[PDB]
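Visitor: Next comes the structure file model_18.cif, holding mmCIF, C-alpha atoms; chains and numbers go by the auth columns.
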data_input
loop_
_atom_site.group_PDB
_atom_site.id
_atom_site.type_symbol
_atom_site.label_atom_id
_atom_site.label_comp_id
_atom_site.label_asym_id
_atom_site.label_seq_id
_atom_site.Cartn_x
_atom_site.Cartn_y
_atom_site.Cartn_z
_atom_site.B_iso_or_equiv
_atom_site.auth_seq_id
_atom_site.auth_asym_id
ATOM 1 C CA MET A 1 33.495 -134.961 80.181 0.00 1 W
ATOM 2 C CA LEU A 2 32.191 -132.202 77.913 0.00 2 W
ATOM 3 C CA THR A 3 29.098 -131.483 75.809 0.00 3 W
ATOM 4 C CA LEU A 4 28.793 -131.359 72.021 0.00 4 W
ATOM 5 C CA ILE A 5 29.050 -127.572 71.891 0.00 5 W
ATOM 6 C CA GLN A 6 32.155 -127.835 74.070 0.00 6 W
ATOM 7 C CA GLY A 7 34.171 -129.809 71.534 0.00 7 W
ATOM 8 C CA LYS A 8 32.829 -127.629 68.741 0.00 8 W
ATOM 9 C CA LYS A 9 34.105 -124.454 70.378 0.00 9 W
ATOM 10 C CA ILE A 10 37.284 -126.317 71.298 0.00 10 W
ATOM 11 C CA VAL A 11 38.028 -127.390 67.721 0.00 11 W
ATOM 12 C CA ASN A 12 36.557 -124.205 66.239 0.00 12 W
ATOM 13 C CA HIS A 13 38.992 -122.082 68.229 0.00 13 W
ATOM 14 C CA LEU A 14 41.780 -124.661 67.937 0.00 14 W
ATOM 15 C CA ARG A 15 41.721 -124.933 64.140 0.00 15 W
ATOM 16 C CA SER A 16 41.446 -121.134 64.113 0.00 16 W
ATOM 17 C CA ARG A 17 44.263 -120.239 66.516 0.00 17 W
ATOM 18 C CA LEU A 18 46.663 -122.953 65.304 0.00 18 W
ATOM 19 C CA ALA A 19 50.012 -122.006 63.749 0.00 19 W
ATOM 20 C CA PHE A 20 53.429 -123.617 63.302 0.00 20 W
ATOM 21 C CA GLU A 21 56.799 -122.146 62.360 0.00 21 W
ATOM 22 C CA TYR A 22 58.732 -123.777 59.530 0.00 22 W
ATOM 23 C CA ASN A 23 62.109 -122.506 58.319 0.00 23 W
ATOM 24 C CA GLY A 24 61.322 -119.219 60.048 0.00 24 W
ATOM 25 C CA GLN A 25 58.014 -118.887 58.223 0.00 25 W
ATOM 26 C CA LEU A 26 54.655 -118.978 59.982 0.00 26 W
ATOM 27 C CA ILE A 27 52.087 -121.506 58.776 0.00 27 W
ATOM 28 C CA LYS A 28 48.734 -120.695 60.360 0.00 28 W
ATOM 29 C CA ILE A 29 46.116 -123.383 59.748 0.00 29 W
ATOM 30 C CA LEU A 30 42.397 -122.609 59.504 0.00 30 W
ATOM 31 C CA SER A 31 39.107 -124.339 58.701 0.00 31 W
ATOM 32 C CA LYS A 32 40.015 -123.791 55.032 0.00 32 W
ATOM 33 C CA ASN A 33 42.270 -126.841 55.319 0.00 33 W
ATOM 34 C CA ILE A 34 41.007 -128.222 58.646 0.00 34 W
ATOM 35 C CA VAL A 35 37.808 -130.250 59.133 0.00 35 W
ATOM 36 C CA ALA A 36 36.712 -131.600 62.521 0.00 36 W
ATOM 37 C CA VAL A 37 36.257 -135.388 62.388 0.00 37 W
ATOM 38 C CA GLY A 38 35.068 -138.005 64.878 0.00 38 W
ATOM 39 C CA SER A 39 32.876 -136.730 67.704 0.00 39 W
ATOM 40 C CA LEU A 40 32.371 -133.503 65.764 0.00 40 W
ATOM 41 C CA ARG A 41 30.852 -135.554 62.944 0.00 41 W
ATOM 42 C CA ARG A 42 28.813 -137.674 65.342 0.00 42 W
ATOM 43 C CA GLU A 43 27.516 -134.678 67.294 0.00 43 W
ATOM 44 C CA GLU A 44 26.597 -136.469 70.526 0.00 44 W
ATOM 45 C CA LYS A 45 25.457 -135.136 73.905 0.00 45 W
ATOM 46 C CA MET A 46 28.847 -135.655 75.552 0.00 46 W
ATOM 47 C CA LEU A 47 32.230 -136.577 74.072 0.00 47 W
ATOM 48 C CA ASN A 48 35.669 -137.462 75.442 0.00 48 W
ATOM 49 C CA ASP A 49 38.018 -137.340 72.448 0.00 49 W
ATOM 50 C CA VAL A 50 37.819 -135.263 69.260 0.00 50 W
ATOM 51 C CA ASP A 51 39.345 -135.809 65.810 0.00 51 W
ATOM 52 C CA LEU A 52 40.455 -133.316 63.170 0.00 52 W
ATOM 53 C CA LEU A 53 41.338 -133.489 59.482 0.00 53 W
ATOM 54 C CA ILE A 54 44.395 -131.591 58.271 0.00 54 W
ATOM 55 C CA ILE A 55 44.937 -131.392 54.511 0.00 55 W
ATOM 56 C CA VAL A 56 48.499 -130.392 53.711 0.00 56 W
ATOM 57 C CA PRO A 57 49.175 -128.823 50.249 0.00 57 W
ATOM 58 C CA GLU A 58 52.415 -130.772 49.800 0.00 58 W
ATOM 59 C CA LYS A 59 53.978 -133.994 51.079 0.00 59 W
ATOM 60 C CA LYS A 60 57.032 -131.918 52.003 0.00 60 W
ATOM 61 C CA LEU A 61 54.944 -129.479 54.021 0.00 61 W
ATOM 62 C CA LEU A 62 53.207 -132.594 55.363 0.00 62 W
ATOM 63 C CA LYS A 63 56.500 -133.787 56.815 0.00 63 W
ATOM 64 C CA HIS A 64 57.277 -130.214 57.905 0.00 64 W
ATOM 65 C CA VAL A 65 53.817 -129.235 59.150 0.00 65 W
ATOM 66 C CA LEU A 66 54.524 -129.967 62.842 0.00 66 W
ATOM 67 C CA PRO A 67 57.982 -128.271 63.297 0.00 67 W
ATOM 68 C CA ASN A 68 57.235 -125.235 65.497 0.00 68 W
ATOM 69 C CA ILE A 69 53.602 -125.954 66.227 0.00 69 W
ATOM 70 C CA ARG A 70 52.006 -123.404 68.572 0.00 70 W
ATOM 71 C CA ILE A 71 48.688 -122.048 69.847 0.00 71 W
ATOM 72 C CA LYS A 72 47.702 -118.445 70.656 0.00 72 W
ATOM 73 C CA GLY A 73 47.052 -119.095 74.337 0.00 73 W
ATOM 74 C CA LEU A 74 46.287 -122.770 74.894 0.00 74 W
ATOM 75 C CA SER A 75 48.929 -125.493 74.979 0.00 75 W
ATOM 76 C CA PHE A 76 49.217 -128.841 73.178 0.00 76 W
ATOM 77 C CA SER A 77 51.478 -131.644 71.938 0.00 77 W
ATOM 78 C CA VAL A 78 51.942 -132.855 68.352 0.00 78 W
ATOM 79 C CA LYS A 79 52.783 -136.481 67.494 0.00 79 W
ATOM 80 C CA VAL A 80 53.521 -137.709 63.960 0.00 80 W
ATOM 81 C CA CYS A 81 52.476 -141.101 62.566 0.00 81 W
ATOM 82 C CA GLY A 82 52.828 -142.552 59.072 0.00 82 W
ATOM 83 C CA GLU A 83 49.773 -142.895 56.855 0.00 83 W
ATOM 84 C CA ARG A 84 47.866 -139.691 57.652 0.00 84 W
ATOM 85 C CA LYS A 85 48.282 -140.575 61.322 0.00 85 W
ATOM 86 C CA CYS A 86 48.583 -137.583 63.643 0.00 86 W
ATOM 87 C CA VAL A 87 48.124 -137.698 67.411 0.00 87 W
ATOM 88 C CA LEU A 88 48.039 -134.460 69.385 0.00 88 W
ATOM 89 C CA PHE A 89 46.723 -133.356 72.766 0.00 89 W
ATOM 90 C CA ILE A 90 45.768 -129.898 74.053 0.00 90 W
ATOM 91 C CA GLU A 91 46.332 -128.494 77.537 0.00 91 W
ATOM 92 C CA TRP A 92 44.614 -125.534 79.219 0.00 92 W
ATOM 93 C CA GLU A 93 45.350 -124.773 82.882 0.00 93 W
ATOM 94 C CA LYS A 94 46.520 -128.250 83.932 0.00 94 W
ATOM 95 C CA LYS A 95 43.788 -129.764 81.730 0.00 95 W
ATOM 96 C CA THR A 96 44.288 -132.256 78.900 0.00 96 W
ATOM 97 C CA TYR A 97 42.326 -133.258 75.797 0.00 97 W
ATOM 98 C CA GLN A 98 42.880 -136.061 73.299 0.00 98 W
ATOM 99 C CA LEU A 99 42.841 -134.843 69.710 0.00 99 W
ATOM 100 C CA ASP A 100 43.264 -137.262 66.811 0.00 100 W
ATOM 101 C CA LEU A 101 44.390 -135.558 63.611 0.00 101 W
ATOM 102 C CA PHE A 102 44.715 -137.081 60.152 0.00 102 W
ATOM 103 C CA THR A 103 47.490 -135.889 57.856 0.00 103 W
ATOM 104 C CA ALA A 104 46.316 -135.995 54.262 0.00 104 W
ATOM 105 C CA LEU A 105 47.099 -133.971 51.169 0.00 105 W
ATOM 106 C CA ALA A 106 44.900 -131.192 49.774 0.00 106 W
ATOM 107 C CA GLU A 107 43.366 -133.916 47.568 0.00 107 W
ATOM 108 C CA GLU A 108 42.744 -136.532 50.305 0.00 108 W
ATOM 109 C CA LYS A 109 40.396 -134.146 52.166 0.00 109 W
ATOM 110 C CA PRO A 110 37.242 -136.199 51.302 0.00 110 W
ATOM 111 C CA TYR A 111 38.591 -139.742 51.696 0.00 111 W
ATOM 112 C CA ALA A 112 40.145 -138.440 54.919 0.00 112 W
ATOM 113 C CA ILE A 113 36.772 -137.942 56.613 0.00 113 W
ATOM 114 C CA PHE A 114 35.498 -141.177 55.063 0.00 114 W
ATOM 115 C CA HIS A 115 38.252 -143.143 56.787 0.00 115 W
ATOM 116 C CA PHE A 116 38.043 -141.192 60.059 0.00 116 W
ATOM 117 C CA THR A 117 34.297 -141.634 60.687 0.00 117 W
ATOM 118 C CA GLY A 118 34.144 -145.319 59.732 0.00 118 W
ATOM 119 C CA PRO A 119 34.721 -147.604 61.440 0.00 119 W
ATOM 120 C CA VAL A 120 36.564 -149.522 58.726 0.00 120 W
ATOM 121 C CA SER A 121 33.587 -151.940 58.720 0.00 121 W
ATOM 122 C CA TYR A 122 31.606 -149.659 56.385 0.00 122 W
ATOM 123 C CA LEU A 123 34.764 -149.304 54.324 0.00 123 W
ATOM 124 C CA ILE A 124 35.104 -153.101 54.269 0.00 124 W
ATOM 125 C CA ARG A 125 31.561 -153.602 52.991 0.00 125 W
ATOM 126 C CA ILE A 126 31.964 -150.605 50.709 0.00 126 W
ATOM 127 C CA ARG A 127 35.278 -151.960 49.452 0.00 127 W
ATOM 128 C CA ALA A 128 33.774 -155.385 48.764 0.00 128 W
ATOM 129 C CA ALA A 129 30.592 -153.795 47.454 0.00 129 W
ATOM 130 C CA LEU A 130 32.696 -151.618 45.184 0.00 130 W
ATOM 131 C CA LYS A 131 34.937 -154.628 44.540 0.00 131 W
ATOM 132 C CA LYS A 132 31.930 -156.321 42.949 0.00 132 W
ATOM 133 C CA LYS A 133 31.502 -153.219 40.795 0.00 133 W
ATOM 134 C CA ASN A 134 35.225 -153.408 39.924 0.00 134 W
ATOM 135 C CA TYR A 135 35.876 -150.336 42.079 0.00 135 W
ATOM 136 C CA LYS A 136 38.300 -149.849 44.964 0.00 136 W
ATOM 137 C CA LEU A 137 39.269 -146.939 47.224 0.00 137 W
ATOM 138 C CA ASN A 138 42.676 -146.334 48.737 0.00 138 W
ATOM 139 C CA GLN A 139 44.244 -143.468 50.691 0.00 139 W
ATOM 140 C CA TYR A 140 46.305 -142.946 47.537 0.00 140 W
ATOM 141 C CA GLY A 141 43.362 -143.263 45.159 0.00 141 W
ATOM 142 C CA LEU A 142 40.554 -145.429 43.883 0.00 142 W
ATOM 143 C CA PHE A 143 40.816 -148.082 41.183 0.00 143 W
ATOM 144 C CA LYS A 144 38.234 -148.353 38.415 0.00 144 W
ATOM 145 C CA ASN A 145 38.249 -150.590 35.335 0.00 145 W
ATOM 146 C CA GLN A 146 41.670 -151.818 36.486 0.00 146 W
ATOM 147 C CA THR A 147 42.989 -148.247 36.281 0.00 147 W
ATOM 148 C CA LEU A 148 44.330 -146.226 39.211 0.00 148 W
ATOM 149 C CA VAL A 149 42.497 -142.910 39.515 0.00 149 W
ATOM 150 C CA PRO A 150 42.659 -140.281 42.332 0.00 150 W
ATOM 151 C CA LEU A 151 39.677 -139.011 44.296 0.00 151 W
ATOM 152 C CA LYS A 152 38.797 -135.624 42.799 0.00 152 W
ATOM 153 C CA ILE A 153 35.651 -134.372 44.525 0.00 153 W
ATOM 154 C CA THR A 154 34.307 -131.614 46.770 0.00 154 W
ATOM 155 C CA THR A 155 32.978 -133.341 49.900 0.00 155 W
ATOM 156 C CA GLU A 156 32.192 -136.783 51.328 0.00 156 W
ATOM 157 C CA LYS A 157 28.919 -136.993 49.372 0.00 157 W
ATOM 158 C CA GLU A 158 30.824 -136.194 46.196 0.00 158 W
ATOM 159 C CA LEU A 159 33.486 -138.653 47.344 0.00 159 W
ATOM 160 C CA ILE A 160 30.855 -141.398 47.678 0.00 160 W
ATOM 161 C CA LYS A 161 29.878 -140.518 44.128 0.00 161 W
ATOM 162 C CA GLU A 162 33.570 -140.862 43.253 0.00 162 W
ATOM 163 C CA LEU A 163 33.222 -144.531 44.232 0.00 163 W
ATOM 164 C CA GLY A 164 29.666 -144.948 42.985 0.00 164 W
ATOM 165 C CA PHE A 165 28.063 -145.806 46.322 0.00 165 W
ATOM 166 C CA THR A 166 25.253 -144.435 48.477 0.00 166 W
ATOM 167 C CA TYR A 167 25.976 -141.424 50.683 0.00 167 W
ATOM 168 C CA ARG A 168 25.444 -141.828 54.433 0.00 168 W
ATOM 169 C CA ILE A 169 25.793 -139.636 57.525 0.00 169 W
ATOM 170 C CA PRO A 170 28.994 -139.795 59.662 0.00 170 W
ATOM 171 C CA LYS A 171 27.195 -140.068 63.013 0.00 171 W
ATOM 172 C CA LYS A 172 25.881 -143.402 61.712 0.00 172 W
ATOM 173 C CA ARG A 173 29.417 -144.910 61.885 0.00 173 W
ATOM 174 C CA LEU A 174 29.478 -148.435 60.522 0.00 174 W
#
Give the structure from this file in structure tokens form.
Guide:
Amino acid sequence: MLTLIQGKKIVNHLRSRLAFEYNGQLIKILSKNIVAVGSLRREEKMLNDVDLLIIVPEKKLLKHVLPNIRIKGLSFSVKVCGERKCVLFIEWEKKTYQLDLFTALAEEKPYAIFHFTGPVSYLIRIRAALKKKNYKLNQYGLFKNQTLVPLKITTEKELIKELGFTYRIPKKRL
């Protein structure tokens, strides 16, 4: 039970004050490699759960990105799940919040948000729509002219261009 600005400040501070220890080293994550997905993309009056997009710069680091996870002052739990699936919750003074994080690589940043917003429905119509155009998009890469090619773009809009479809807003989940 919180407003739009609430989750924004929550994630804004979260992604800012998030850091995990790996092999003795300290890996502090910031907005540079973290993009708020879900309710943050929808931007509604009140939200319950919030999603985030973490783009790891290496599959190895990906598997070792939640070793000694820690927050400056707030608390939280990190759960790992195959296929960019990351489930974590934050706790502040006996409180609890559901945070859904996606674990992608530095290159899956765009497709990451595309899959998160969804639902898959838009991806199903987009996949079939693209399928007619001989195009396909996968978490690993898109296929064009019967050739596997990765998604090399800047943002979602650019990503849509990567597929050759029309760009749409996230809040309009389909």
Visitor: Give as a VMD selection string the residues that the PyMOL selection byres ((chain W and resi 47-57) around 6) matches when applied to the coordinates above.
Guide: chain W and resid 1 to 2 33 to 39 46 58 62 98 to 106 109
Visitor: Atom CA of residue 79 of chain W and atom CA of residue 114 of chain W are how many Å apart?
Guide: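 For atom CA of residue 79 of chain W relative to atom CA of residue 114 of chain W, the distance reads 21.8 Å.
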Visitor: Taking 4 positions as the minimum chain separation for residues in the same chain, which residues sit within 7 Å of residue 21 of chain W when counting all atoms listed in the file? Answer as a PyMOL selection string.
Guide: chain W and resi 25-27+67-69
Visitor: What does the structure give for the distance between atom CA of residue 65 of chain W and atom CA of residue 159 of chain W, in Å to one decimal?
Guide: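 Between atom CA of residue 65 of chain W and atom CA of residue 159 of chain W the gap is 25.3 Å.
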Visitor: Which residues, written as a list in words, have at least one atom at most 8 Å from residue 76 of chain W, with all atoms listed in the file counted and residues fewer than 4 positions away on the same chain left out?
Guide: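 Surrounding residues, per the criterion: residues 70, 71, 88, 89, 90 and 91 of chain W.
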Visitor: Quick one: which residues end up in the PyMOL selection byres ((chain W and resi 174) around 7) for this structure, as a PyMOL selection string?
Guide: chain W and resi 118-119+121-122+172-173
Visitor: Quick check, in Å to one decimal: how far apart do atom CA of residue 115 of chain W and atom CA of residue 81 of chain W lie?
Guide: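 So the answer is 15.5 Å.
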Visitor: The PyMOL selection byres ((chain W and resi 15) around 9) - which residues does that actually catch in the file I just gave you? List them as JSON, numbers by chain.
Guide: {"W": [10, 11, 12, 13, 14, 16, 17, 18, 19, 29, 30, 31, 34, 35, 36, 52]}
Visitor: Using all atoms listed in the file, can you tell me which of W:92, W:165, W:111, W:116 comes closest to residue 150 of chain W?
Guide: W:111
Visitor: Please return the centre and edge lengths, in Å to one decimal, of a box with edges along x, y and z that contains all listed atoms of segment 118-134 of chain W, widened by 5 Å on every side, as AutoDock Vina command-line options.
Guide:
--center_x 33.6 --center_y -150.8 --center_z 50.7 --size_x 16.0 --size_y 21.0 --size_z 31.5
Visitor: I'd like to know which of W:63, W:136, W:144, W:131 is closest to residue 82 of chain W, using only C-alpha atoms.
Guide: W:63
Visitor: Just the residues within 12 Å of residue 132 of chain W, please, counting all atoms listed in the file, with nothing from its chain fewer than 4 positions along; format it as a ChimeraX atom specification.
Guide: /W:125-128,136,144-145,163-165
Visitor: Which is closer to residue 44 of chain W than all the others in W:146, W:151, W:170, W:74, using only C-alpha atoms?
Guide: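 For residue 44 of chain W, the nearest of the given residues is W:170.
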Visitor: Using all atoms listed in the file, can you tell me which of W:8, W:152, W:64, W:45 comes closest to residue 20 of chain W?
Guide: W:64
